[PDB]
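Following this are structure 1 and structure 2, which are two forms of one protein chain, each written alone as structure tokens.
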Structure 1
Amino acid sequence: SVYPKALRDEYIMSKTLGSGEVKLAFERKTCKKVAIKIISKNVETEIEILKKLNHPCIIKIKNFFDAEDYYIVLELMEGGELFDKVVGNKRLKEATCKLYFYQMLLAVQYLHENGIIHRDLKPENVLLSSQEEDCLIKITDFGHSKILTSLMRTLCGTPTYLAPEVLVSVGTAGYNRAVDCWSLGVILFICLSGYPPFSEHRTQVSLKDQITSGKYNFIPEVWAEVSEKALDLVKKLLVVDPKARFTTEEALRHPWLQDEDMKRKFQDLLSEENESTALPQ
């Protein structure tokens, strides 16, 4: 098939960047590069979520076409997926993991403050701004995300007719956001060590049993070169009890992220990317 006419009106389509499919395109009016995500036939509400979110580590949408397929136009992240930096046991310098992880926490903290849970945080969904190692990252793919009440309404009446499982669930409600902090923990683990913590490689313990017990695969030799603070943070994110698990605020206050050099590097990358109008004093 062809591209829809309304898209072609505004953009010149070019090469595939990844595969769902992401394409390079050029905005006709500006002659600037953009990325165009094609989702074949809540994409509707992924759009609404992304329209309303405004954070430098969250992907922004420039345009949207609902045709034979869906076309989502985004700013181009030249660096590609974080995934490609961690396959084949490739490993990032610890300093680079911190820079990237700080940005992911800031992103996910912003989501949670704004009532959004992502639910599919993984290396595939973290984009890099450039091929340089020090860069901005942006979180993408809000197709599984959830907007954070039915329990609350039930509890305003007397529970004369209310089932016991509803009352038992009051203990744990309101912690759905913690699934994102677990995923972040897993991502940090992979970045620091170049391998996944839960996996069916070697071992007879099922993947499910590894995850629900929280018994991650620790290989000392791979970790010897990783600092203790780093691994400590990983341990506080991979807590099995969602109520005890570190939140993004607690992670941002952890010793490993009290690194004014890394923060400076982040601030420097931010202002480098920004094109502001004049300011009064």
Structure 2
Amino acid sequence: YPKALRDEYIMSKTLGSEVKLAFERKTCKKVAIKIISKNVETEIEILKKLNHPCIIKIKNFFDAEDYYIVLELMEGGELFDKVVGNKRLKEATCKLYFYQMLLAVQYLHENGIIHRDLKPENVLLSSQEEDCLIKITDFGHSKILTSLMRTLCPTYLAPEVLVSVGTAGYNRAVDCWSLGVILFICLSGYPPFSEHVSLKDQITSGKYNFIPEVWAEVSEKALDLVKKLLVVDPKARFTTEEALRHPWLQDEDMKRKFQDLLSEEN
């Protein structure tokens, strides 16, 4: 560990891989430190610009030799750990986590950011209590969306750079697909696509693995949302706005719980 950092942080045990637990040397507050060895520039620039209760905040950053990104500690661990092993969550807490997931992602998209790696390993939990805040992480591969304008306003441009352009404004739709895969998993405890017909075909065709026996402890509305995010056509697929107006999220009690949790955090 570089002198500047060890000078501020007492390093400590691994939280998984590398993310370490660490305590601020002056206050003894706990924090987490993501170590990346040698578009981290991109990650940092993003994490500094963004302010949202469901998006992880950066607290510090060291560059000498490896990158160390200092972050909020999330006592609840990654959501991955709640879903491994056909485990699976109670419908009402799926609802609670997914509301938050949709608010976060809506917020990236309104700020011209596509996350591009949404998966349960990248959704963190505030606390060990079932009802809690979730913060999304890992902007290593995100894209910040002016530049249509220069290509279009011409006579030399290949016809496929052209065609390609009428696609502009739909890349964010890969995040919505990803959220639908997360939701599917949370609701059911198994993955919709899986090598357990080949992965590629499965996904392009859009035919997720649907198990009636499993989905039967799940409401019609919830399943209706997943089906609407698992649409292969990016144009027709649900956006985060649509998913937030969907009847399943019209739940003022989960809405209630959430504002309650925002408040506890302040």
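Between two forms, the rigid core is the largest collection of C-alphas that superpose within 1.5 Å. Just so we're on the same page, residue numbers count up from 1 along structure 1's sequence.
- Superposition of the core reveals a Cα shift of 2 Å or more for residue 164 between the two structures.
- Summarising the core-aligned comparison between the two structures, the C-alpha atom of residue 9 is found to shift 1.2 Å.
- Here residue 29 exhibits a Cα shift of 2.4 Å between the two structures, evaluated on the superposed rigid core.
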